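Novice: This one is query.cif, mmCIF, C-alpha atoms and all ligand atoms.
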```cif
data_upload
loop_
_atom_site.group_PDB
_atom_site.id
_atom_site.type_symbol
_atom_site.label_atom_id
_atom_site.label_comp_id
_atom_site.auth_asym_id
_atom_site.auth_seq_id
_atom_site.Cartn_x
_atom_site.Cartn_y
_atom_site.Cartn_z
ATOM 1 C CA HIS A 4 -17.923 -7.568 8.046
ATOM 2 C CA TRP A 5 -16.274 -5.596 5.249
ATOM 3 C CA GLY A 6 -14.280 -7.256 2.495
ATOM 4 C CA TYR A 7 -14.033 -7.398 -1.266
ATOM 5 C CA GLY A 8 -17.275 -9.257 -2.456
ATOM 6 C CA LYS A 9 -20.663 -8.564 -4.051
ATOM 7 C CA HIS A 10 -22.266 -8.058 -0.729
ATOM 8 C CA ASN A 11 -19.379 -6.640 1.382
ATOM 9 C CA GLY A 12 -16.975 -5.021 -1.081
ATOM 10 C CA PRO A 13 -15.967 -1.408 -1.700
ATOM 11 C CA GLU A 14 -19.387 -0.192 -2.816
ATOM 12 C CA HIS A 15 -20.813 -1.264 0.571
ATOM 13 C CA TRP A 16 -18.154 0.234 2.840
ATOM 14 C CA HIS A 17 -19.880 3.656 3.220
ATOM 15 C CA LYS A 18 -22.681 2.087 5.351
ATOM 16 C CA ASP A 19 -20.230 1.243 8.199
ATOM 17 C CA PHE A 20 -17.670 3.935 7.332
ATOM 18 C CA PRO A 21 -19.333 7.245 6.024
ATOM 19 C CA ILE A 22 -16.044 8.949 5.219
ATOM 20 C CA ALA A 23 -15.925 6.430 2.271
ATOM 21 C CA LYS A 24 -17.812 9.298 0.448
ATOM 22 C CA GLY A 25 -15.505 11.933 1.897
ATOM 23 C CA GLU A 26 -13.499 14.779 0.396
ATOM 24 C CA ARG A 27 -10.017 13.194 0.255
ATOM 25 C CA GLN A 28 -10.527 9.447 -0.418
ATOM 26 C CA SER A 29 -7.963 7.133 -2.081
ATOM 27 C CA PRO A 30 -6.968 5.636 -4.408
ATOM 28 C CA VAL A 31 -7.392 7.957 -7.409
ATOM 29 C CA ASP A 32 -6.645 7.865 -11.116
ATOM 30 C CA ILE A 33 -3.432 9.800 -11.820
ATOM 31 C CA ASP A 34 -4.041 11.837 -14.972
ATOM 32 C CA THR A 35 -0.382 12.368 -15.977
ATOM 33 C CA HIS A 36 -1.131 15.300 -18.304
ATOM 34 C CA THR A 37 -3.073 17.188 -15.524
ATOM 35 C CA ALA A 38 -0.524 16.493 -12.673
ATOM 36 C CA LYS A 39 1.399 19.750 -12.022
ATOM 37 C CA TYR A 40 5.213 19.563 -11.986
ATOM 38 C CA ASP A 41 6.386 21.263 -8.735
ATOM 39 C CA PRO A 42 10.060 22.325 -8.915
ATOM 40 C CA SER A 43 9.948 22.970 -5.199
ATOM 41 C CA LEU A 44 9.317 19.237 -4.359
ATOM 42 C CA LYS A 45 12.483 17.602 -2.907
ATOM 43 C CA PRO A 46 13.992 14.179 -3.711
ATOM 44 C CA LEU A 47 12.388 11.488 -1.578
ATOM 45 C CA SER A 48 14.669 10.189 1.174
ATOM 46 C CA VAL A 49 14.256 6.493 1.824
ATOM 47 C CA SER A 50 16.524 5.291 4.640
ATOM 48 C CA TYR A 51 15.962 1.605 5.047
ATOM 49 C CA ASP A 52 19.577 0.396 5.952
ATOM 50 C CA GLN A 53 18.615 -0.507 9.574
ATOM 51 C CA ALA A 54 15.112 -1.929 8.992
ATOM 52 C CA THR A 55 14.065 -4.708 11.346
ATOM 53 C CA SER A 56 11.310 -6.878 9.935
ATOM 54 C CA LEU A 57 9.685 -9.071 12.641
ATOM 55 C CA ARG A 58 6.772 -11.001 11.272
ATOM 56 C CA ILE A 59 4.424 -11.662 8.377
ATOM 57 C CA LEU A 60 0.676 -11.893 8.936
ATOM 58 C CA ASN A 61 -2.404 -12.944 6.915
ATOM 59 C CA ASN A 62 -5.021 -10.512 8.322
ATOM 60 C CA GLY A 63 -7.833 -11.783 6.101
ATOM 61 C CA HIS A 64 -7.599 -8.809 3.645
ATOM 62 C CA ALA A 65 -3.932 -8.967 2.576
ATOM 63 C CA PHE A 66 -0.610 -10.036 4.164
ATOM 64 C CA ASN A 67 1.486 -7.528 6.218
ATOM 65 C CA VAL A 68 5.228 -7.655 6.645
ATOM 66 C CA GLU A 69 5.677 -5.838 10.018
ATOM 67 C CA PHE A 70 8.658 -3.934 11.273
ATOM 68 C CA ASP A 71 9.999 -2.810 14.642
ATOM 69 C CA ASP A 72 8.964 0.883 14.604
ATOM 70 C CA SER A 73 10.049 1.577 18.289
ATOM 71 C CA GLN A 74 13.130 3.513 17.047
ATOM 72 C CA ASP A 75 14.118 5.501 13.939
ATOM 73 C CA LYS A 76 15.434 2.547 11.868
ATOM 74 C CA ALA A 77 13.520 2.554 8.579
ATOM 75 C CA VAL A 78 12.294 6.061 7.734
ATOM 76 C CA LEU A 79 10.854 8.175 5.002
ATOM 77 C CA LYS A 80 11.435 11.902 4.772
ATOM 78 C CA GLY A 81 11.968 14.697 2.277
ATOM 79 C CA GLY A 82 9.889 14.519 -0.849
ATOM 80 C CA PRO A 83 6.660 16.464 -0.029
ATOM 81 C CA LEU A 84 6.927 15.587 3.723
ATOM 82 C CA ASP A 85 7.823 17.706 6.777
ATOM 83 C CA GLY A 86 9.540 15.715 9.503
ATOM 84 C CA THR A 87 10.142 11.975 9.727
ATOM 85 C CA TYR A 88 7.946 8.977 9.129
ATOM 86 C CA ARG A 89 8.697 5.457 10.467
ATOM 87 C CA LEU A 90 8.013 2.314 8.520
ATOM 88 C CA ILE A 91 5.440 0.107 10.364
ATOM 89 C CA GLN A 92 4.465 -2.443 7.697
ATOM 90 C CA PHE A 93 4.099 -3.122 4.008
ATOM 91 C CA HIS A 94 1.492 -5.096 2.101
ATOM 92 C CA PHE A 95 0.147 -5.453 -1.462
ATOM 93 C CA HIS A 96 -3.105 -5.321 -3.366
ATOM 94 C CA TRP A 97 -3.437 -7.660 -6.400
ATOM 95 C CA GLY A 98 -5.800 -9.066 -8.948
ATOM 96 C CA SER A 99 -7.301 -12.331 -10.131
ATOM 97 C CA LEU A 100 -5.697 -11.592 -13.533
ATOM 98 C CA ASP A 101 -2.586 -9.656 -14.613
ATOM 99 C CA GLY A 102 -4.757 -6.861 -16.112
ATOM 100 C CA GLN A 103 -6.094 -5.643 -12.742
ATOM 101 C CA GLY A 104 -4.957 -5.404 -9.094
ATOM 102 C CA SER A 105 -3.554 -1.909 -8.563
ATOM 103 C CA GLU A 106 -5.498 0.671 -6.542
ATOM 104 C CA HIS A 107 -4.050 3.830 -8.112
ATOM 105 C CA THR A 108 -4.254 3.904 -11.881
ATOM 106 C CA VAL A 109 -2.137 5.951 -14.369
ATOM 107 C CA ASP A 110 -4.190 7.470 -17.237
ATOM 108 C CA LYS A 111 -6.732 4.694 -16.350
ATOM 109 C CA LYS A 112 -4.072 1.959 -16.728
ATOM 110 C CA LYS A 113 -4.361 -0.824 -14.052
ATOM 111 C CA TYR A 114 -1.206 -2.634 -12.953
ATOM 112 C CA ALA A 115 -1.101 -6.242 -11.769
ATOM 113 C CA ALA A 116 -0.546 -5.234 -8.147
ATOM 114 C CA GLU A 117 0.545 -2.324 -5.956
ATOM 115 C CA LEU A 118 2.850 -2.364 -2.946
ATOM 116 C CA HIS A 119 2.116 0.005 -0.020
ATOM 117 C CA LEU A 120 4.950 0.858 2.441
ATOM 118 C CA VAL A 121 3.100 2.402 5.405
ATOM 119 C CA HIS A 122 4.887 5.005 7.571
ATOM 120 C CA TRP A 123 3.661 7.144 10.508
ATOM 121 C CA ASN A 124 4.750 10.674 11.486
ATOM 122 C CA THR A 125 6.968 10.479 14.557
ATOM 123 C CA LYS A 127 5.596 13.880 15.834
ATOM 124 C CA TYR A 128 2.457 11.843 16.877
ATOM 125 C CA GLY A 129 4.294 9.147 18.873
ATOM 126 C CA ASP A 130 2.506 6.001 17.609
ATOM 127 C CA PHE A 131 0.482 4.722 14.643
ATOM 128 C CA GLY A 132 -2.821 4.801 16.467
ATOM 129 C CA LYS A 133 -2.505 8.485 17.217
ATOM 130 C CA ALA A 134 -1.057 9.333 13.787
ATOM 131 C CA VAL A 135 -4.105 7.963 11.911
ATOM 132 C CA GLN A 136 -6.235 10.609 13.723
ATOM 133 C CA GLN A 137 -4.254 13.447 12.040
ATOM 134 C CA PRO A 138 -4.399 14.922 8.515
ATOM 135 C CA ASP A 139 -0.609 14.529 8.115
ATOM 136 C CA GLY A 140 -0.296 11.321 10.217
ATOM 137 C CA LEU A 141 0.804 8.799 7.570
ATOM 138 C CA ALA A 142 2.984 8.696 4.491
ATOM 139 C CA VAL A 143 2.281 5.745 2.197
ATOM 140 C CA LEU A 144 4.845 4.976 -0.537
ATOM 141 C CA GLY A 145 2.989 3.207 -3.354
ATOM 142 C CA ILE A 146 4.869 1.171 -6.001
ATOM 143 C CA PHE A 147 3.178 -0.509 -9.008
ATOM 144 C CA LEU A 148 3.979 -4.099 -9.988
ATOM 145 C CA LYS A 149 3.895 -5.327 -13.583
ATOM 146 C CA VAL A 150 4.376 -8.964 -14.641
ATOM 147 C CA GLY A 151 7.622 -9.726 -16.561
ATOM 148 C CA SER A 152 11.014 -10.660 -15.111
ATOM 149 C CA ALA A 153 11.162 -11.860 -11.468
ATOM 150 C CA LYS A 154 11.995 -9.460 -8.615
ATOM 151 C CA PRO A 155 14.716 -11.421 -6.736
ATOM 152 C CA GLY A 156 14.185 -9.235 -3.600
ATOM 153 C CA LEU A 157 10.554 -10.400 -3.454
ATOM 154 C CA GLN A 158 11.240 -14.143 -3.435
ATOM 155 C CA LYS A 159 11.711 -14.515 0.416
ATOM 156 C CA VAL A 160 8.203 -13.047 0.860
ATOM 157 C CA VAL A 161 6.722 -15.348 -1.847
ATOM 158 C CA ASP A 162 8.322 -18.441 -0.376
ATOM 159 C CA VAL A 163 6.804 -17.963 3.157
ATOM 160 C CA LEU A 164 3.176 -17.494 1.905
ATOM 161 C CA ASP A 165 2.250 -21.196 2.087
ATOM 162 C CA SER A 166 2.900 -20.933 5.917
ATOM 163 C CA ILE A 167 0.307 -18.143 6.272
ATOM 164 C CA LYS A 168 -2.309 -19.422 3.843
ATOM 165 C CA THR A 169 -5.422 -18.508 5.918
ATOM 166 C CA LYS A 170 -6.753 -15.561 7.895
ATOM 167 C CA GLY A 171 -5.045 -15.145 11.350
ATOM 168 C CA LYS A 172 -1.892 -17.079 10.504
ATOM 169 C CA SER A 173 1.501 -15.454 11.212
ATOM 170 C CA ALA A 174 5.198 -16.461 10.850
ATOM 171 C CA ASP A 175 8.514 -15.071 12.074
ATOM 172 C CA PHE A 176 9.943 -13.001 9.279
ATOM 173 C CA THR A 177 13.239 -11.472 10.335
ATOM 174 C CA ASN A 178 16.099 -9.912 8.315
ATOM 175 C CA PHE A 179 13.926 -8.965 5.289
ATOM 176 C CA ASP A 180 15.397 -5.989 3.446
ATOM 177 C CA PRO A 181 12.662 -3.788 1.840
ATOM 178 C CA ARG A 182 15.279 -2.015 -0.328
ATOM 179 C CA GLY A 183 15.034 -5.096 -2.626
ATOM 180 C CA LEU A 184 11.442 -3.919 -3.560
ATOM 181 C CA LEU A 185 12.347 -0.427 -4.839
ATOM 182 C CA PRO A 186 12.687 0.513 -8.539
ATOM 183 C CA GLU A 187 15.756 2.428 -9.809
ATOM 184 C CA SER A 188 14.051 5.857 -9.968
ATOM 185 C CA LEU A 189 12.385 7.674 -7.010
ATOM 186 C CA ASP A 190 10.412 10.104 -9.297
ATOM 187 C CA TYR A 191 6.921 10.349 -7.803
ATOM 188 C CA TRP A 192 3.441 11.838 -7.827
ATOM 189 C CA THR A 193 1.953 13.050 -4.545
ATOM 190 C CA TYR A 194 -1.513 14.112 -3.255
ATOM 191 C CA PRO A 195 -3.424 14.166 0.073
ATOM 192 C CA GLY A 196 -5.728 11.090 0.571
ATOM 193 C CA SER A 197 -6.843 8.326 2.830
ATOM 194 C CA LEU A 198 -6.344 4.693 3.872
ATOM 195 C CA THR A 199 -7.764 2.554 1.108
ATOM 196 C CA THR A 200 -9.277 0.019 3.510
ATOM 197 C CA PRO A 201 -11.693 0.688 6.424
ATOM 198 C CA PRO A 202 -11.583 2.789 8.525
ATOM 199 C CA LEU A 203 -10.704 4.850 5.387
ATOM 200 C CA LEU A 204 -9.227 7.640 7.566
ATOM 201 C CA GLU A 205 -8.181 10.829 5.780
ATOM 202 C CA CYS A 206 -4.654 10.873 7.225
ATOM 203 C CA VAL A 207 -2.337 9.962 4.318
ATOM 204 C CA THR A 208 0.175 11.892 2.215
ATOM 205 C CA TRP A 209 0.374 9.568 -0.805
ATOM 206 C CA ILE A 210 3.682 9.288 -2.651
ATOM 207 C CA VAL A 211 3.297 7.032 -5.756
ATOM 208 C CA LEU A 212 6.398 6.083 -7.699
ATOM 209 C CA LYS A 213 6.305 6.555 -11.474
ATOM 210 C CA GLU A 214 8.519 3.529 -12.251
ATOM 211 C CA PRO A 215 6.991 0.116 -11.603
ATOM 212 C CA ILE A 216 8.901 -2.938 -10.503
ATOM 213 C CA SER A 217 8.688 -6.198 -12.495
ATOM 214 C CA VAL A 218 7.687 -9.451 -10.791
ATOM 215 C CA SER A 219 7.284 -12.833 -12.481
ATOM 216 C CA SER A 220 3.967 -14.610 -13.324
ATOM 217 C CA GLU A 221 5.089 -17.324 -10.832
ATOM 218 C CA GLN A 222 5.584 -14.771 -7.996
ATOM 219 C CA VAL A 223 2.094 -13.153 -8.429
ATOM 220 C CA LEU A 224 0.599 -16.659 -8.848
ATOM 221 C CA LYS A 225 1.734 -17.400 -5.315
ATOM 222 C CA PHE A 226 -0.084 -14.290 -4.008
ATOM 223 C CA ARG A 227 -3.287 -15.628 -5.544
ATOM 224 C CA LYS A 228 -3.000 -18.935 -3.631
ATOM 225 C CA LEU A 229 -3.554 -17.178 -0.342
ATOM 226 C CA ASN A 230 -7.017 -17.364 1.305
ATOM 227 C CA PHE A 231 -9.321 -14.685 2.694
ATOM 228 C CA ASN A 232 -10.955 -17.366 4.948
ATOM 229 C CA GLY A 233 -9.524 -18.865 8.166
ATOM 230 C CA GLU A 234 -8.342 -22.504 8.432
ATOM 231 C CA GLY A 235 -11.187 -25.005 8.408
ATOM 232 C CA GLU A 236 -13.467 -22.653 6.430
ATOM 233 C CA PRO A 237 -14.602 -22.821 2.759
ATOM 234 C CA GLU A 238 -11.741 -21.694 0.488
ATOM 235 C CA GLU A 239 -11.929 -18.126 -0.800
ATOM 236 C CA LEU A 240 -8.894 -17.208 -2.857
ATOM 237 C CA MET A 241 -7.372 -13.898 -1.749
ATOM 238 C CA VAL A 242 -7.614 -12.064 -5.135
ATOM 239 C CA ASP A 243 -8.969 -8.644 -6.223
ATOM 240 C CA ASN A 244 -8.352 -7.075 -2.780
ATOM 241 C CA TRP A 245 -8.195 -3.570 -4.327
ATOM 242 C CA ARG A 246 -10.441 -0.544 -3.933
ATOM 243 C CA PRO A 247 -11.238 1.232 -7.285
ATOM 244 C CA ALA A 248 -10.343 4.854 -8.026
ATOM 245 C CA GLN A 249 -12.376 7.437 -6.065
ATOM 246 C CA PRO A 250 -13.433 10.989 -7.076
ATOM 247 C CA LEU A 251 -10.501 13.435 -7.044
ATOM 248 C CA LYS A 252 -12.741 16.411 -6.059
ATOM 249 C CA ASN A 253 -10.670 19.510 -5.249
ATOM 250 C CA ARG A 254 -7.376 17.819 -5.189
ATOM 251 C CA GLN A 255 -4.241 18.603 -7.190
ATOM 252 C CA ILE A 256 -1.753 15.802 -7.938
ATOM 253 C CA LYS A 257 1.821 17.113 -8.030
ATOM 254 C CA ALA A 258 4.733 15.535 -9.896
ATOM 255 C CA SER A 259 8.362 15.642 -8.795
ATOM 256 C CA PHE A 260 9.557 15.304 -12.408
ATOM 257 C CA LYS A 261 9.386 16.404 -16.064
HETATM 258 N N1 LIG B 1 -3.977 0.206 2.026
HETATM 259 S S1 LIG B 1 -3.369 1.528 2.765
HETATM 260 O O1 LIG B 1 -4.000 2.818 2.425
HETATM 261 O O2 LIG B 1 -1.839 1.503 2.589
HETATM 262 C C1 LIG B 1 -3.642 1.191 4.543
HETATM 263 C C2 LIG B 1 -4.926 0.767 4.930
HETATM 264 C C3 LIG B 1 -5.193 0.475 6.290
HETATM 265 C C4 LIG B 1 -4.221 0.620 7.304
HETATM 266 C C5 LIG B 1 -4.592 0.302 8.740
HETATM 267 N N2 LIG B 1 -3.438 -0.140 9.453
HETATM 268 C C6 LIG B 1 -3.461 -0.329 10.875
HETATM 269 N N3 LIG B 1 -4.607 -0.129 11.597
HETATM 270 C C7 LIG B 1 -4.640 -0.296 12.961
HETATM 271 N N4 LIG B 1 -3.529 -0.665 13.644
HETATM 272 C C8 LIG B 1 -2.343 -0.889 12.982
HETATM 273 N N5 LIG B 1 -1.153 -1.290 13.640
HETATM 274 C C9 LIG B 1 -1.011 -1.360 15.055
HETATM 275 C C10 LIG B 1 -0.653 -0.141 15.888
HETATM 276 C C11 LIG B 1 -1.679 0.668 16.468
HETATM 277 C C12 LIG B 1 -1.367 1.782 17.309
HETATM 278 C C13 LIG B 1 -0.028 2.113 17.581
HETATM 279 C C14 LIG B 1 1.015 1.287 17.044
HETATM 280 C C15 LIG B 1 0.692 0.166 16.209
HETATM 281 C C16 LIG B 1 -2.273 -0.730 11.568
HETATM 282 N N6 LIG B 1 -0.994 -0.949 10.904
HETATM 283 O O3 LIG B 1 -0.102 -1.510 11.501
HETATM 284 O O4 LIG B 1 -0.728 -0.487 9.697
HETATM 285 C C17 LIG B 1 -2.916 0.999 6.886
HETATM 286 C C18 LIG B 1 -2.627 1.318 5.526
HETATM 287 ZN ZN ZN B 2 -2.753 -0.747 0.883
#
```
Here is the file; what I need is its structure written in the form of structure tokens.

Specialist:
Amino acid sequence: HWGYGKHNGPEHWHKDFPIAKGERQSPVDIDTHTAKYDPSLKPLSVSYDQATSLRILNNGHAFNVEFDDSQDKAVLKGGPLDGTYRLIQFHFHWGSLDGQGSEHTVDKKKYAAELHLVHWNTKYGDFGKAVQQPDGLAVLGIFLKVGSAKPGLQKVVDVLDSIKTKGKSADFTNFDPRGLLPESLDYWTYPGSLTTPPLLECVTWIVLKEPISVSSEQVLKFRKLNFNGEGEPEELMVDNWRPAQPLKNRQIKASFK
């Protein structure tokens, strides 16, 4: 039922999912002057050398690149986190135009897209149990701006025409997510939620300050995807982002400057 339109988009989600008006919803605007530098925050540890991608899937709301998360192979730790979080999938949110598409904003600036690398806390055993806990997930968010191509993105772009419509999937082995990371791991962090239903309040957000550049041709290929299934009226998969939500209590912390 839910999606991104006039009649089923973000402003409607609260009717099926009442936490949409909850106390720790994401995304949020990151006011860089109000974020508190915390000298006690550690460097983020991203250990993706043994990642095993398996598949790419059009789920009707974005595309997910899925990983084998049945062993510690691609993990996030350090930063603001206690313990170890396993990579389960990544996906993006993007716009119909280069001036919109990100979910988090920086001093109200929208980026063209935002990558989310989704990890679950191994103390809870599996993703499904982790999402039921306030420290269950750690999502690493990375902004995309349009400029030079990101060579490490091109394998993902080139398989999209094989998963054009909702419910399509393709083998996607040997993809290295290190090729999607900017040079700096400086970050902001705050407690929040999934940004799609069920909107569960289980996420430690870690949002990198430095964007990556992708080319106009690469983000063009994202916008050729479809929200509909095969044999249905074509709905381009664009503007699959939730807008910034009220911060309420919450303090955003910065690992730098
Ligand atoms: N946009 S956002 O805030 O980054 C974000 C929004 C929404 C989700 C929602 N993901 C999932 N929901 C159910 N099952 C899953 N997977 C299957 C599974 C279930 C139980 C145990 C193991 C695997 C996944 N999933 O794979 O991610 C994740 C991240
Ligand atoms: Zn996301």

Novice: With all atoms listed in the file as the atoms that count, which of A:207, A:47, A:79, A:184 lies nearest to ligand ZN 2 (chain B)?

Specialist: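 Checking each candidate against ligand ZN 2 (chain B), we get A:207 as the closest.
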
Novice: Considering all atoms listed in the file, can you say which of A:46, A:25, A:104, A:171 comes closest to ligand ZN 2 (chain B)?

Specialist: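 Once distances to ligand ZN 2 (chain B) are computed over all atoms listed in the file, the minimum belongs to A:104.
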
Novice: As an MDAnalysis selection string, please: every protein or nucleic acid residue near ligand LIG 1 (chain B) (cut-off 6 Å, counting only C-alpha atoms and all ligand atoms).

Specialist: chainID A and resid 91:92 119 121 130:132 143 198:200

Novice: Next, dump the selected residues to file, keeping only C-alpha atoms, as a PDB file, in the coordinates of the input.

Specialist:
```pdb
ATOM      1  CA  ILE A  91       5.440   0.107  10.364  1.00  0.00           C
ATOM      2  CA  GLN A  92       4.465  -2.443   7.697  1.00  0.00           C
ATOM      3  CA  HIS A 119       2.116   0.005  -0.020  1.00  0.00           C
ATOM      4  CA  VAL A 121       3.100   2.402   5.405  1.00  0.00           C
ATOM      5  CA  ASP A 130       2.506   6.001  17.609  1.00  0.00           C
ATOM      6  CA  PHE A 131       0.482   4.722  14.643  1.00  0.00           C
ATOM      7  CA  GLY A 132      -2.821   4.801  16.467  1.00  0.00           C
ATOM      8  CA  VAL A 143       2.281   5.745   2.197  1.00  0.00           C
ATOM      9  CA  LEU A 198      -6.344   4.693   3.872  1.00  0.00           C
ATOM     10  CA  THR A 199      -7.764   2.554   1.108  1.00  0.00           C
ATOM     11  CA  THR A 200      -9.277   0.019   3.510  1.00  0.00           C
TER      12      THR A 200
END
```

Novice: If we count all atoms listed in the file and set the cut-off at 10 Å, which residues sit around residue 192 (chain A), ignoring sequence neighbours fewer than 5 positions away in its own chain? Please answer as a list in words.

Specialist: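 Result of the neighbour search: residues 33, 35, 38, 39, 40, 41, 82, 83, 145, 209, 210, 211, 212, 213, 256, 257, 258, 259 and 260 of chain A.
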
Novice: Quick one: distance from CA of residue 54 (chain A) to atom ZN of ligand ZN 2 (chain B) in Å, one decimal?

Specialist: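 Value for the CA of residue 54 (chain A)-atom ZN of ligand ZN 2 (chain B) distance: 19.7 Å.
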
Novice: I'd like the interatomic distance between CA of residue 250 (chain A) and CA of residue 195 (chain A), to a tenth of an Å.

Specialist: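 CA of residue 195 (chain A) lies at a distance of 12.7 Å from CA of residue 250 (chain A).
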
Novice: As a short mmCIF file (atom, residue, chain, number, x, y, z; two decimals), keeping the file's coordinate frame, please: region 133-149 of chain A completed to N, CA and C atoms.

Specialist:
```
data_model
loop_
_atom_site.label_atom_id
_atom_site.label_comp_id
_atom_site.auth_asym_id
_atom_site.auth_seq_id
_atom_site.Cartn_x
_atom_site.Cartn_y
_atom_site.Cartn_z
N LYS A 133 -2.23 7.05 17.14
CA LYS A 133 -2.50 8.48 17.22
C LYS A 133 -2.32 9.19 15.88
N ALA A 134 -1.30 8.76 15.12
CA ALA A 134 -1.06 9.33 13.79
C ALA A 134 -2.26 9.22 12.85
N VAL A 135 -3.00 8.10 12.90
CA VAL A 135 -4.11 7.96 11.91
C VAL A 135 -5.25 8.98 12.18
N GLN A 136 -5.21 9.64 13.37
CA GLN A 136 -6.24 10.61 13.72
C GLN A 136 -5.83 12.02 13.31
N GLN A 137 -4.77 12.13 12.48
CA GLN A 137 -4.25 13.45 12.04
C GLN A 137 -4.14 13.57 10.52
N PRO A 138 -4.36 14.78 9.99
CA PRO A 138 -4.40 14.92 8.52
C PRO A 138 -3.05 14.68 7.86
N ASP A 139 -1.96 14.81 8.65
CA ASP A 139 -0.61 14.53 8.12
C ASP A 139 0.03 13.35 8.93
N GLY A 140 -0.78 12.37 9.35
CA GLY A 140 -0.30 11.32 10.22
C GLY A 140 0.52 10.26 9.54
N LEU A 141 0.13 9.94 8.27
CA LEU A 141 0.80 8.80 7.57
C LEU A 141 1.39 9.24 6.25
N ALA A 142 2.47 8.51 5.87
CA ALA A 142 2.98 8.70 4.49
C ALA A 142 3.05 7.28 3.91
N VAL A 143 2.26 7.06 2.80
CA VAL A 143 2.28 5.74 2.20
C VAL A 143 3.03 5.86 0.85
N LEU A 144 4.05 4.99 0.70
CA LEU A 144 4.84 4.98 -0.54
C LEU A 144 4.19 3.84 -1.33
N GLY A 145 3.66 4.21 -2.52
CA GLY A 145 2.99 3.21 -3.35
C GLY A 145 3.87 2.89 -4.57
N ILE A 146 3.98 1.57 -4.90
CA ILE A 146 4.87 1.17 -6.00
C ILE A 146 4.03 0.16 -6.82
N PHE A 147 3.97 0.39 -8.14
CA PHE A 147 3.18 -0.51 -9.01
C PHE A 147 4.02 -1.75 -9.32
N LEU A 148 3.32 -2.87 -9.52
CA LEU A 148 3.98 -4.10 -9.99
C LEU A 148 3.39 -4.45 -11.38
N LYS A 149 4.28 -4.72 -12.34
CA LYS A 149 3.90 -5.33 -13.58
C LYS A 149 4.48 -6.74 -13.67
#
```
